[PDB]
Structure formats: structure tokens, C-alpha cells
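Since the structure comes first, as C-alpha cells, the remarks are kept for the end.
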Amino acid sequence: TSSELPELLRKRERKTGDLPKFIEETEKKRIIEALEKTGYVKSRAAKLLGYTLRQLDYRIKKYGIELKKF
């Protein structure tokens with residue numbers, strides 16, 4: 001390669017493409033967000049997000065999210 005340019009402009013980003021990390025990140029962030037906004041409440045966080053106690057709970061255990069509630 002005789003040429004030695006950075007090719008910054010020639011470089012084409014690849015926005016298209018779905019990954020699991022994004023899902024687990026957007027999902028966990030949503031659950032934790034709703035909970036914190038609800039005051040660390042699964043019931044509220046669930047009804048707020050749009051999931052049932054079963055779904056929410058499954059996400060909390062899978063994402064190992066924390067919450068202050070007795």
C-alpha cells in the first residue's frame with residue numbers, strides 16, 4: 001500500500017445490526033428505572049413498565065437487580 005491515509009471519511013459506520021447486549025441493557029435499565037421511580041417496588045415497577053409480577057420478577061433475578069422493600 002503506497003498510500004498511507006487515515007481514510008476517516010472513506011470509513012462507513014455500521015448502524016444496522018441488533019445485539020443481545022443492547023436488549024439486556026435496555027431491558028435492565030428499564031426495570032431498574034421504573035423500580036427506582038416507583039420507590040423500589042416490584043408491583044408498581046411492573047404495572048408501570050407493563051409486565052406482570054411473574055415477568056418483572058424473572059427480570060430482576062435474571063438481571064440481578066436490587067431493590068429496597070420489605
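Every number in this text was worked out from the coordinates using simple rules, so none of it is lab data. Cβ sites come from the backbone with ideal geometry, for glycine too, and all protein chains shown count toward neighbours.
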Kindly provide the Kirkwood hydrodynamic radius of the chain in Å, to one decimal, from all pairs of distinct alpha carbon atoms.
-> 14.6
Under a cut-off of 27 Å between alpha-carbon atoms, report the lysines in cross-link reach of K69, not counting same-chain residues fewer than 8 places apart.
-> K28, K29, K37, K42, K47, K61
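Out of the chain, which trypsin sites (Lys or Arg not before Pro) are coil in DSSP terms and have no more than 13 other C-beta atoms within 10 Å?
Values: sites: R10, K11, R12, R14, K15, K21, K28, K29, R30, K37, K42, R44, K47, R54, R59, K61, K62, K68, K69; in loops: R10, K11, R12, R14, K15, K68, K69.
The qualifying sites are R10, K11, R12, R14, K15, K68, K69.
When the helix-only estimate is applied to the chain (DSSP H runs of n ≥ 4, each -39,500 (n - 2.57), divided by the residue count), what is the mean residue ellipticity at 222 nm, nearest 500 deg cm²/dmol? If you can, show how the numbers build up before the last one.
Working: 3 runs with 37 residues, N = 70.
Helix contribution divided over all residues of the chain: -16500 deg cm²/dmol.
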Which ³J(HN,Hα) values, rounded to whole Hz and listed in residue order, are derived for the range 39-47 from phi using the Karplus coefficients 6.51, -1.76 and 1.60 in 6.51 cos²θ - 1.76 cosθ + 1.60 with θ = phi - 60°, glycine and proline given as x?
-> x, 6, 10, 5, 3, 5, 4, 6, 4
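Take the chain, mark every one of the GluC sites (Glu not before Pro) that falls in a DSSP loop and has at most 15 other Cβ within 10 Å, then report the longest stretch left between them, sites excluded.
Working: sites that count: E4, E7, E13, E66.
By the stated rule (loop sites, at most 15 other Cβ atoms within 10 Å), 14-65.
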Integer Hz, Karplus 6.51/-1.76/1.60 couplings in order for the range 48-61, x for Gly and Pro | 6, 5, x, 10, 8, 3, 5, 4, 3, 3, 4, 6, 5, 6
